[PDB]
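Remarks on the structure that follows.
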Amino acid sequence: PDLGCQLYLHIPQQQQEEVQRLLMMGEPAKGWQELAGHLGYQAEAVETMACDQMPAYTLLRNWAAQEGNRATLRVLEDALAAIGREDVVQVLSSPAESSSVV
């Protein structure tokens, strides 16, 4: 049961890499530009991070680094959820374990 509160930004390496790979999944995105602009990223910025190899990590890093606020991963899950990305949310927020043997 949920009584306390799992780690949002302090998520486990498993969940961390899981999301990073998800965004860069083999499947071609269907709205990368709209995302960059929507977030408020300049053409120079989007092109900068894009050039790198780890855009997911660089994006979240530069974000919290530049913002230096108390913003958490929730900012991404929400900003993205607005587009209607439930698939990624399901893979990232998979269901818990069961009691039965199988």
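By convention in this document, the chains of the structure tokens carry letters A, B, ... by their order, each chain's residues are numbered from 1, and ligands are numbered from 1 in the order they are shown.
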Could you pull the residues within 8 Å of stretch 55-59 of chain A, counting only C-alpha atoms, minus those fewer than 4 positions along the same chain, as a PDB file with N, CA and C atoms, in the first residue's frame?
```
ATOM      1  N   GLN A  20      14.947   6.986 -19.683  1.00  0.00           N
ATOM      2  CA  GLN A  20      15.916   7.529 -20.628  1.00  0.00           C
ATOM      3  C   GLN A  20      15.883   6.758 -21.944  1.00  0.00           C
ATOM      4  N   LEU A  23      12.324   7.233 -24.029  1.00  0.00           N
ATOM      5  CA  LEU A  23      12.267   8.415 -24.882  1.00  0.00           C
ATOM      6  C   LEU A  23      13.067   8.201 -26.163  1.00  0.00           C
ATOM      7  N   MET A  24      14.208   7.532 -26.037  1.00  0.00           N
ATOM      8  CA  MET A  24      15.064   7.257 -27.185  1.00  0.00           C
ATOM      9  C   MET A  24      14.831   5.845 -27.712  1.00  0.00           C
ATOM     10  N   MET A  49      21.536  20.469 -27.659  1.00  0.00           N
ATOM     11  CA  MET A  49      21.331  19.193 -26.983  1.00  0.00           C
ATOM     12  C   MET A  49      21.166  18.063 -27.993  1.00  0.00           C
ATOM     13  N   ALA A  50      20.398  18.324 -29.046  1.00  0.00           N
ATOM     14  CA  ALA A  50      20.161  17.330 -30.085  1.00  0.00           C
ATOM     15  C   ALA A  50      21.476  16.783 -30.631  1.00  0.00           C
ATOM     16  N   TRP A  63      17.906  21.430 -17.482  1.00  0.00           N
ATOM     17  CA  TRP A  63      16.650  21.975 -16.977  1.00  0.00           C
ATOM     18  C   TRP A  63      16.760  22.306 -15.492  1.00  0.00           C
TER      19      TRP A  63
END
```
Checklist entry - A:36, A:72, A:52, A:21: which is nearest residue A:7, counting only C-alpha atoms? => result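 Distance minimum relative to residue A:7 lands on A:72.
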Item to check | Top pick for closest residue to residue A:39, considering A:102, A:9, A:25, A:75 and counting only C-alpha atoms | outcome: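 Nearest candidate to residue A:39 out of A:102, A:9, A:25, A:75: A:75.
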Checklist entry - Restricting the calculation to only C-alpha atoms, which member of A:35, A:43, A:66, A:61 is positioned closest to residue A:82? => result A:35
Item to check | Proximity to residue A:37 - best of A:79, A:90, A:8, A:22, only C-alpha atoms | outcome: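 Result for the nearest residue to residue A:37: A:79.
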Item to check | Separation of atom CA of residue A:5 from atom CA of residue A:17, in Å and rounded to one decimal | outcome: 20.7 Å
Checklist entry - If you run DSSP on this backbone, which residues of chain A come out as alpha helix (DSSP H), and could you give them as number ranges by chain? => result A: 13-23, 32-39, 43-51, 55-67, 74-81, 86-92
Item to check | Given only C-alpha atoms as the counted atoms, nearest of A:16, A:2, A:84, A:64 to residue A:30 | outcome: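 Counting only C-alpha atoms, the residue closest to residue A:30 is A:84.
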Checklist entry - Which distance in Å separates atom CA of residue A:13 and atom CA of residue A:87, to one decimal? => result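 Computing it gives 20.3 Å between the two atoms.
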